[PDB]
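Asker:
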Amino acid sequence: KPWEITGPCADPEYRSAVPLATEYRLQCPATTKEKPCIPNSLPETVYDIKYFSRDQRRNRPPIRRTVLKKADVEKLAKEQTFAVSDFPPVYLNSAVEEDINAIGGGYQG
Amino acid sequence: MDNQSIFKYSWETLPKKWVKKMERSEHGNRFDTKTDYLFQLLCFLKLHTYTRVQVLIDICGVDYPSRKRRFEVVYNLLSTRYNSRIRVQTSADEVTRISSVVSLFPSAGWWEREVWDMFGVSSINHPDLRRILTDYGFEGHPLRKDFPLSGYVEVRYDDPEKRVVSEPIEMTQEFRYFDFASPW
Amino acid sequence: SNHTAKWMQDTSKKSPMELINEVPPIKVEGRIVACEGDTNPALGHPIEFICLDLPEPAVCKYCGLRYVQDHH
Amino acid sequence: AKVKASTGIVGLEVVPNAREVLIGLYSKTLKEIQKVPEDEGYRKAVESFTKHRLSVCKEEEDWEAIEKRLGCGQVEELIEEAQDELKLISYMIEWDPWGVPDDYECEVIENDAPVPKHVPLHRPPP
Amino acid sequence: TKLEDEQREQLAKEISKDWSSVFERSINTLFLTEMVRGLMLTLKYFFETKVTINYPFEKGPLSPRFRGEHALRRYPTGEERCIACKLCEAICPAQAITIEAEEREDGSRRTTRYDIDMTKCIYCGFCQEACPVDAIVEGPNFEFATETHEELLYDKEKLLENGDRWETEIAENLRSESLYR
Amino acid sequence: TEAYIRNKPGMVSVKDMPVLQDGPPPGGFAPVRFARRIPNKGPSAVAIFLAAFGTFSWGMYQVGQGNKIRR
Amino acid sequence: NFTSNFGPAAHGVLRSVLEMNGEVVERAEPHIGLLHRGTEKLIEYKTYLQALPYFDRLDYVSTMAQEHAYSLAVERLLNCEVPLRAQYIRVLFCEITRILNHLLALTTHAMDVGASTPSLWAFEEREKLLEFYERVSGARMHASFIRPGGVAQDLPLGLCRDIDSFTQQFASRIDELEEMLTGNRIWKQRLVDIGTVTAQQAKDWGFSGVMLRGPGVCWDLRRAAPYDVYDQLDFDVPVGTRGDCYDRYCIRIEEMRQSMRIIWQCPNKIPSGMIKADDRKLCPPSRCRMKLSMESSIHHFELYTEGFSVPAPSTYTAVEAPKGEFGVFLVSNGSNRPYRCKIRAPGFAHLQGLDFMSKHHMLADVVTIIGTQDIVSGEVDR
Ligand code: SF4
Ligand code: SF4
Ligand SMILES: [Zn+2]
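Protein chains in written order, with the entry's author numbering: chain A7, 19 to 127; chain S3, 1 to 184; chain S6, 31 to 102; chain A5, 12 to 137; chain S8, 42 to 222; chain AM, 2 to 72; chain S2, 10 to 17, 21 to 394.
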């Protein structure tokens, strides 16, 4: 064919976008040839139901509060002391200028 | 389990004059401060060479119609360099001119206009321009717990009498409110 | 006569009540039954165990089928 | 050797005077916090870490090595951070807030509500 | 903008290494080879076949999990399915259902009025999930484009009952979804 | 409320009860392609330039012969 | 300085007003209230399972990342773990949605600039992906498929095979489109160096997503705060060198390819198991159990009447939507109705962007800037 000399149309790893019926959808979604039984529970639960131990939700600790005055503020200010390290850490990341065809010969992903 | 470092360092080096409450939860770390020093606190951040936030993500209003300080302004802002985010949450009543942050983060004019009309909280410096979201001359502030869901005057229809008009609400099939509550 | 008059309008074909009275009873053998139709799902009508210790049929409260005990 | 190619960011522009500018900025900040503000808190912190970074840059003297050892993104980014910190110090002393007068409550709140592992949480940088 | 002058020089000092490179790049930008490549690709697609589903004679593909014109099924005995739980009305996120019941004469409970003003009924699906007897369902019919608002205010269960004209088709769907739902 | 619903037929315990048939077949279907690839196989520089120049010269010679005939 | 108006392709409803000077846009300013609904007010006077469709309606191009973000917020606030198959299919569909949005935004940009054939080819591909949606659950768009705690229904059989077929043919289609646009001198001269954004003002104006990743700074939430299975799904995360229209465009295409890598990595690891829960107190029971057991009916009834109750605290949850950091702020208290659910769509940041970054350009460049910003007034206004 006359184009077929440059571009994706002249590449053995090139596919078109007209999937035939048989090759795209040969089994309609309604009447499949199988019988799926989706799971919905684990055996341990289904024969040892115990809802608090399962529902660690609402099993959270209570909210703890404290007030501070000038005395405690001064005490903390004095006992506190920084260090050359562990101030915070830094989240550093930079560009690399990587290729495209590298990963898995440029295939796998 | 996310950003204890930045929060701890920020609290242990701050001028402790302007912090009213600190909550180091796991949902989000909160510096509840006084409305008088808000600009001072935010300008401390974004500049200190460890807890530099440099990006303001949200300025949202919350309404509590049962407390003397009716409103609650909330600033959610992260630190793209130190991979952390904090939530500075201030109180605010009816009319009480709150400081602006459009000088520091220019990305607050639209969020401060939105909190001007949705709620009614003011803003002393520049960002309190006219309303943004709601259409035009609007009676109330349509996100507190008083402006009803269907609005005061909202019928708006064409009139071959003249052209088009806005008239008070007479809607059909009134809003049903189901209860669903559960006394345990 | 009044319910079907409130909702239905045509009054040419028979109303649901008329059809469910046209279906006869079942005449089951034991003392307790369960009404769904013929499938457990895809036909709804959750299990509705109904007693049969009266000389008159017993309705099912979904898709009234009027089961009846056979013998004495 | 290996002056630089590009810092990678659009706003920052490379500068071959990284060591000299850092030396000057750090000396100035050390002087400012040394004389001006009260000896507390913020001042303690900034004195400590700023004199640290001054010492390490002065000793390493090769901008590649100062990056690799000091452990921060770029010398340009450090220049930006130092300039901003000095600006902040100026503002701070303009409105000096130090010292809690009295009648002061800072409610420390904490609740250890557990959250699942499949929720967006900014996991700590190693 | 002083750096841009310096950058534009190096960028020219880099690509213009030899004479072959400058000559190639020049007649590249002078004979429109990328234009020609684009044109050839376009012409290929022109010669190639089309999609153009030709609607009124061969409609598009669907799935049994579709949502459309609602319907109220009924048992094989002709007996209605709905029992007035109010669950569909309760879960309606658009409040687009109105339902009002009463004890019938024979004893069973049924619905005196049941209507869905189809517009206000965005088609979300929660209907066919809240129903404990599969009374209401969304049959795979999307061609109902009346010319007067009142129609799309589907009537007091009457037209909804007429959804049984699909009772075969709908049934099929339900079977294929009894497994995983 | 799960045993026979999930699978009644013949299991001795709750484990190894169901058959699922949900996901992919054994093998991941393929290794797929994601990287771009546009081959450049057209006549690059000298071919096209010589074509243009040669056809121009020869066309001019033909124009000459034709104008001779027409005169 | 002229005062021109701009009330326009169908690239949304928006009212630009432009202080002009010759052919220079001295000051552009958008009026945005032109499509408002009160989504927050409604959510409040609504619920959790009832308010999910609202999130489906916000940012109506990428129609599932929103539900994903809302579900993450509710789970975080609720402490309700989710099974592995649910996580995997949820990531699969989030990435399909990213591809959808990228096709639409990219080729609508191409139409604004003038091309049309890329628009039509991309719309064919969008038809294929929408068919995937409507096969899995619901209509083509607006598939309320990601509930709190997992998904609503399991996916059918053969869907994975179709996914693979689409993956291959779609790699080829992206290659075609990139060959059609990337390199065409018209497109290059129309796109490059149009709307530069230094990272300083980027972080200032609070951009996110591709925008923030355009100029320099490399930061996306999938790598920073990996909410879901994303770890096991290594990918690439491209980054642009000089923030402008062309580099944002190339970023978009590379993001398409990385999304393909993820969409293949899932159907090779998807751990066939259960979905959506293990407590019939936060997720309703399926039909067989509901119609056979007894307590299953009680829980189904209560869960579809009043929904689940979540405790007192308030949270913020962010997701790397196709546009940017889609944020949700929940202030729930006690009862089953979400107190003050606040949205943080990136539309606000991107429009203020438009304002400042549309100076000293021409009107064609204003159109180009809207294209590269990929605005959806639905989410910018909600
Ligand atoms: S849930 Fe089903 S039967 Fe019950 S009231 Fe509604 S459609 Fe009617
Ligand atoms: S389909 Fe949804 S919008 Fe329509 S009434 Fe049923 S539950 Fe509500
Ligand atoms: Zn029955």
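All residues carry an ideal CB built from backbone N, CA and C; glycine is no exception.
Going by DSSP, which residues form a beta bridge with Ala142 (chain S8)?
Answerer: Answer is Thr152 (chain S8).
Asker: Going by DSSP in three states, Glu79 (chain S2) sits in which element: helix, strand or coil?
Answerer: Three-state DSSP puts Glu79 (chain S2) in a helix.
Asker: Within 7 Å: the Cβ of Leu95 (chain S6) and any heavy atom of ligand 5?
Answerer: Looking at this structure, you won't find ligand 5 anywhere; what it does contain is ligand 1, ligand 2 and ligand 3.
Asker: Consider the Cβ of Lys16 (chain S3): report whether some Cβ of chain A7 lies at a distance smaller than 8 Å.
Answerer: So yes, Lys16 (chain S3) belongs to the interface.
Asker: What are the boundary residues of the beta strand (DSSP E) that includes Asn214 (chain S8)?
Answerer: Taken as a continuous stretch (DSSP letters only), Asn214 (chain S8) belongs to no beta strand (DSSP E), being part of the alpha helix (DSSP H) at 208-219.
Asker: Measure from the alpha carbon of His154 (chain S2) to the alpha carbon of each residue in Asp246 (chain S2), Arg260 (chain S2), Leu70 (chain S2), then state which is nearest.
Answerer: Comparing Cα positions, the closest option is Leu70 (chain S2).
Asker: Specify the secondary structure class of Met306 (chain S2) as computed by DSSP and reduced to three states.
Answerer: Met306 (chain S2) falls in the coil class under three-state DSSP.
Asker: Does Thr61 (chain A5) come out as helix, strand or coil in the three-state DSSP assignment?
Answerer: Helix at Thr61 (chain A5).
Asker: Would you say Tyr102 (chain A5) and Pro15 (chain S3) are within 8 Å of each other, going by their C-beta atoms?
Answerer: No. Outside cutoff.
Asker: Assuming contact is defined by CB atoms lying nearer than 8 Å, are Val331 (chain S2) and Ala357 (chain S2) in contact in what I supplied?
Answerer: The answer is no: Cβ separation not under 8 Å.
Asker: Starting from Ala22 (chain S2), find everything on chain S8 with Cβ-Cβ shorter than 9 Å and list it in chain order.
Answerer: Per Cβ cutoff of 9 Å: no residues; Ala22 (chain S2) is ~21 Å from chain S8 at best.
Asker: Nearest chain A5 C-beta to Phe70 (chain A7) closer than 8 Å, yes or no?
Answerer: It does not: the Cβ of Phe70 (chain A7) has no partner Cβ on chain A5 nearer than 8 Å.
Asker: With distances taken between CB atoms, is the gap from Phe107 (chain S8) to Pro181 (chain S8) smaller than 8 Å?
Answerer: For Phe107 (chain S8) and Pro181 (chain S8), yes; Cβs fall inside 8 Å.
Asker: Considering only residues of the segment 163-199 of chain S8, which uninterrupted alpha helix (DSSP H) runs meet the minimum length of 4 residues and lie entirely inside it, listed in chain order?
Answerer: With a minimum length of 4 residues, the continuous alpha helix (DSSP H) runs that stay inside the segment 163-199 of chain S8 are 168-171.
Asker: By DSSP, does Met123 (chain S2) sit in helix, in strand, or in coil?
Answerer: Here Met123 (chain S2) sits in helix by DSSP.
Asker: Going residue by residue through the segment 26-69 of chain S2, where are the continuous beta strand (DSSP E) segments of at least 3 residues, counting only ones entirely within it?
Answerer: Runs found: 27-33, 36-43.
Asker: What is the C-beta distance between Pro227 (chain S2) and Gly255 (chain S2), in whole angstroms, given that I count them as a contact (C-beta under 8 Å)?
Answerer: That belief holds up - the Cβ atoms of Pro227 (chain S2) and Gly255 (chain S2) are roughly 2 Å apart, short of 8 Å.
Asker: With hydrogens ignored, establish whether the beta-carbon of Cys129 (chain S8) is closer than 7 Å to any heavy atom of ligand 1.
Answerer: Correct: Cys129 (chain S8) has its Cβ closer than 7 Å to ligand 1.
Asker: With DSSP as the reference, please indicate the residues paired to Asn14 (chain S2) in a beta bridge.
Answerer: Paired residue(s): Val29 (chain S2).
Asker: Between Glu31 (chain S2), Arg27 (chain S2), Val378 (chain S2), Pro17 (chain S2), which lies nearest to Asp205 (chain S2) when the distance is taken from Cα to Cα?
Answerer: Of the candidates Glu31 (chain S2), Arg27 (chain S2), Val378 (chain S2), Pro17 (chain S2), the one whose C-alpha sits nearest the C-alpha of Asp205 (chain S2) is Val378 (chain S2).
Asker: Using a threshold of 7 Å, is the CB atom of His75 (chain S6) nearer than that to any non-hydrogen atom of ligand 3?
Answerer: Yes; taking the cut-off as 7 Å, the Cβ of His75 (chain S6) has a heavy atom of ligand 3 nearer than that.
Asker: Taking 8 Å as the threshold (beta carbon to beta carbon), is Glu12 (chain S3) in contact with chain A7?
Answerer: Yes, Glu12 (chain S3) lies at the interface with chain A7 (some Cβ there is under 8 Å from its Cβ).
Asker: Would you grab the beta carbon distance between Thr90 (chain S3) and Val73 (chain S3) for me? Rounded to a whole angstrom, and I think it's under 8 Å.
Answerer: Contact holds; Cβ gap of about 5 Å.
Asker: Could you name the residues of the same chain whose beta carbon sits closer than 8 Å to that of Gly166 (chain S8), not counting the 5 residues immediately before and after it, in chain order?
Answerer: Cβ neighbours of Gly166 (chain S8) beyond the five flanking positions: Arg108, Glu179.
Asker: Going along the chain, which residues of its own chain have a beta-carbon closer than 6 Å to the beta-carbon of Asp248 (chain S2), five neighbours each way excluded?
Answerer: Only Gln270 meet the Cβ criterion.
Asker: Could you say which of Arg173 (chain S2), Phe313 (chain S2), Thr129 (chain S2), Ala183 (chain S2) lies nearest to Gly28 (chain AM) if we only look at CA atoms?
Answerer: Nearest C-alpha to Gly28 (chain AM): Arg173 (chain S2).
Asker: My output table needs one value for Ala237 (chain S2): the three-state DSSP class, helix, strand or coil.
Answerer: Coil.
Asker: Would you mind telling me which residues of chain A7 sit closer than 8 Å to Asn214 (chain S8), beta carbon to beta carbon, in chain order?
Answerer: Correct list: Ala48.
Asker: Going by DSSP, what residues sit across from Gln54 (chain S3) in a beta bridge?
Answerer: Looking at the DSSP assignment, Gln54 (chain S3) forms a beta bridge with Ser79 (chain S3).
Asker: So, using beta-carbon positions, are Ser107 (chain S3) and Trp231 (chain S2) closer together than 8 Å?
Answerer: It is not a contact, given that the beta carbons lie outside the stated cut-off.
Asker: In the structure shown, what three-state DSSP assignment does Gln201 (chain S2) receive?
Answerer: Helix at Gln201 (chain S2).
Asker: Name the two residues that bound the continuous alpha helix (DSSP H) containing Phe87 (chain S8).
Answerer: 74-88 is the span of the alpha helix (DSSP H), which, as asked, contains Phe87 (chain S8).
Asker: Less than 7 Å separating the Cβ of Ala176 (chain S8) from some heavy atom of ligand 1?
Answerer: Result yes, Cβ under 7 Å from ligand 1.
Asker: Any heavy atom of ligand 3 within a distance shorter than 7 Å of the CB on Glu78 (chain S6)?
Answerer: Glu78 (chain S6) Cβ: within cutoff of ligand 3.
Asker: According to the neighbour-count rule (16 or more other Cβ atoms, all chains shown, within 10 Å of its Cβ), is residue 20 (chain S2) buried or exposed?
Answerer: The residue list of chain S2 ends a segment at 17 and starts the next at 21, so residue 20 (chain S2) has no coordinates to report.
Asker: Cβ of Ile124 (chain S8) within 7 Å of any heavy atom in ligand 1?
Answerer: The answer is yes for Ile124 (chain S8).
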